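We begin with a single chain expressed as C-alpha cells, specifically the form deposited in one PDB entry.
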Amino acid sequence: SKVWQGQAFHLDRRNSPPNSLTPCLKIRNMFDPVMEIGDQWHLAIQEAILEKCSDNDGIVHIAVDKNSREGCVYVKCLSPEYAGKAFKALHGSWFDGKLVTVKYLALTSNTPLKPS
C-alpha cells in the first residue's frame, strides 16, 4: 500500500526551517530495501515523489539510494524556492506507513521532471 496518508503535523518553526536556503533536499524513510524486489521498484518511489509534488515544475533530478536502509531519496531543484514547495509537500508526510522527513543539503540538469 505505497500511498500517501496525510500529514503528521502542520509545518512551521517547531518542526521545519524558517525559509528555504538550498535547492537540494534529503528525503528519508521512503522505502525499506529489505522488502523490495529487483531494480524496478526505485522508479515507483521516484514516481511517488513526483505525484506528491505534481504542481511543482522545478524538480529536475531525483536519485534514490537503493542501499540506504534509511530510505533515502535525493532531489535537486532549479531554485531554492522550488525546493521549498517540494519541502512542504514531503516533510512530515506519511507514505507506505512510514513518516517522511526532509533535510537540506550528472551535476547539471535543467529539464523539469514530472509524474507519468
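Sequential numbering from 1, following the sequence displayed. Shifts are known only where both forms have a C-alpha. Here the rigid core means the biggest group of C-alpha atoms that line up within 1.5 Å when the two forms are laid on top of each other.
For this session: Classify the number of deposited-sequence residues missing from the model between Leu21 and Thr22: none, 1 to 3, 4 to 9, or 10 or more.
Result: Gap size class: none, per the record.
Exercise. Averaged over C-alpha atoms, is the B-factor higher for 68-76 or for 86-94 in this PDB entry?
Worked result: Going by the record's values, the stretch with the higher mean is 68-76.
Problem set entry | Mean temperature factor over C-alpha atoms, higher-scoring stretch between 30-38 and 43-51 | For C-alpha atoms only, the mean B-factor is higher in 30-38.
Problem set entry | From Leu99, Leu107, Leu11, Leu105, residue of greatest CA B-factor | Answer, based on the entry's C-alpha B-factors: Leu107.
For this session: Could you say whether, by C-alpha temperature factor, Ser116 belongs to the lowest, middle or highest third of its chain?
Result: Its C-alpha B-factor belongs to the middle third of this chain's values.
Another form exists, deposited in another entry; not displayed. Remarks below refer to it.
Exercise. Core-aligned, is the CA shift for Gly97 between the shown form and the other one 2 angstroms or more?
Worked result: No, its C-alpha moves less than 2 Å.
For this session: Have a look at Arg13 and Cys72: in the other entry, are their Cα atoms closer together or farther apart than in this form, given the change is 3 Å or more?
Result: Their C-alpha distance grows by at least 3 Å in the other entry.
Problem set entry | Regions of at least 3 residues displaced between the shown form and the other one by 2 angstroms or more (CA, core superposed) | CA shift runs, sequence order: 12-20, 106-108.
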